[PDB]
């Protein structure tokens, strides 16, 4: 009889009141002390328990964050690489960094920001960029980046 595998067969994903964004906030600050701009989307998002942040999260903060869910007598979750409670994966509460252009968390790239898929939006950023107080060589480099989408 496989006692550990049984845990996964009897397990049910948490509800809205369990393993929620509250634990994302808690583990984030815990993980930070073991080594942040906390924020409070016009489309459907699957996972709602992600604490959103306005700064980068180092590999150390992120690795410590995942270890906090470590739990013995459990199999290694092949998604996050942590032995954690079944159906309670820390990837669902990992804190996410927002893009200041759209206020949503996504990866850096050419076709990842929702705010750079419409020419009307790119122009609005070009006008805003003209009012920047940043060094000229950065405003120049950023202005070109916008034009490269047109």
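Residue numbers count along the first chain shown, from 1.
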Seminar exercise, completed: Deposited residues missing from the model between residue 40 and residue 41 number 1 to 3
Seminar exercise, completed: Here the number of deposited-sequence residues unresolved in the coordinates between residue 35 and residue 36 is 10 or more
For this session: Averaging only over Cα atoms, indicate whether 64-72 or 44-52 has the higher B-factor in the PDB entry.
Result: 44-52
Exercise. Quick one: higher average CA temperature factor, 10-18 or 132-140?
Worked result: 10-18
Seminar exercise, completed: Chain-relative C-alpha B factor for residue 103 (record values, thirds): the lowest
Exercise. Which third, lowest, middle or highest, does the CA B-factor of residue 88 fall in along this chain?
Worked result: highest
